[PDB]
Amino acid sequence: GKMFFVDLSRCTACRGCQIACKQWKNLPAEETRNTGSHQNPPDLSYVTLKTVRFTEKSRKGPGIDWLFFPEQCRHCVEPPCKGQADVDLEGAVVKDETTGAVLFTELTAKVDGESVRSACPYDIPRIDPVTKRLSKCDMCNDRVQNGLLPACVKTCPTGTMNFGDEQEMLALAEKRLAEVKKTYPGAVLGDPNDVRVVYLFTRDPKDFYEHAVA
């Protein structure tokens, strides 16, 4: 299948990926307000499949450690969201056998949506209050099967976002990890044998987000 490699040591939090995701799918904007942070929307939602999370950590000397985390479905190799949904109705959550994309369908309205969300170790699924359908990042599977990069990968200016076949992406992640460790000794890959969106964190992944890793 396919895989993302997300090198957070290169991210400028430009949020091009956040906007590109909504442009490609023509998703609505949420009502937001500033509550003391550049982060917005504050959370994933039925209409927000990716948001960049901002976290500031003190450090000795000038400046801060500013941690940016563009969150999205991890497209798990063995997705528990599918395992939970299959209890109520098979076909609500399916897996693309070519790309590895985990895909929610309109049949998610016919399964226990809250239990599907609680089954996810990354707390990724979001429910529409009206229809009870679930939504999340779909890997831009449409674009991928037609030879295009995912919208958020294509738009990224920094090389944070990388996308390709899982073997080239895993080899890249391993080589980038070794290099990034020379500046960030605490750098790690997030659950790299279990997911298709492999983040390189420059320190404790939970400093980026409480659900950054399982």
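Residue positions are given as counts along the sequence shown, with the first one as 1.
Novice: Pick between 20-28 and 198-206: the one whose mean CA B-factor in the entry is higher.
Specialist: Result of the comparison: 198-206.
Novice: Quick check on the record: does 69-77 or 128-136 carry the larger mean Cα temperature factor?
Specialist: Here the higher of the two C-alpha B-factor means belongs to 128-136.
Novice: Which of these has the highest Cα B-factor in the record: 158, 155, 48, 35?
Specialist: Highest C-alpha B-factor among the listed options: 35.
Novice: What third of the chain does residue 110 rank in for C-alpha temperature factor, lowest, middle or highest?
Specialist: It belongs to the highest third of the chain when residues are ordered by C-alpha B-factor.
Novice: For residue 141, does the deposited CA B-factor place it in the lowest, middle or highest third of the chain?
Specialist: Answer is lowest: the recorded C-alpha B-factor places it there.
Novice: State the tercile, meaning the lowest, middle or highest third, of residue 165 with respect to the CA B-factors recorded for its chain.
Specialist: Its C-alpha B-factor, which the entry lists for residue 165, ranks in the middle third among residues of this chain.
Novice: Among all modelled residues of this chain, ranked by Cα B factor, put residue 63 in the bottom, middle or top third, i.e. lowest, middle or highest.
Specialist: Within its chain, residue 63 is a middle-third residue by C-alpha B-factor, going by the deposited values.
Novice: Could you say whether, by C-alpha temperature factor, residue 213 belongs to the lowest, middle or highest third of its chain?
Specialist: Answer is middle: the recorded C-alpha B-factor places it there.
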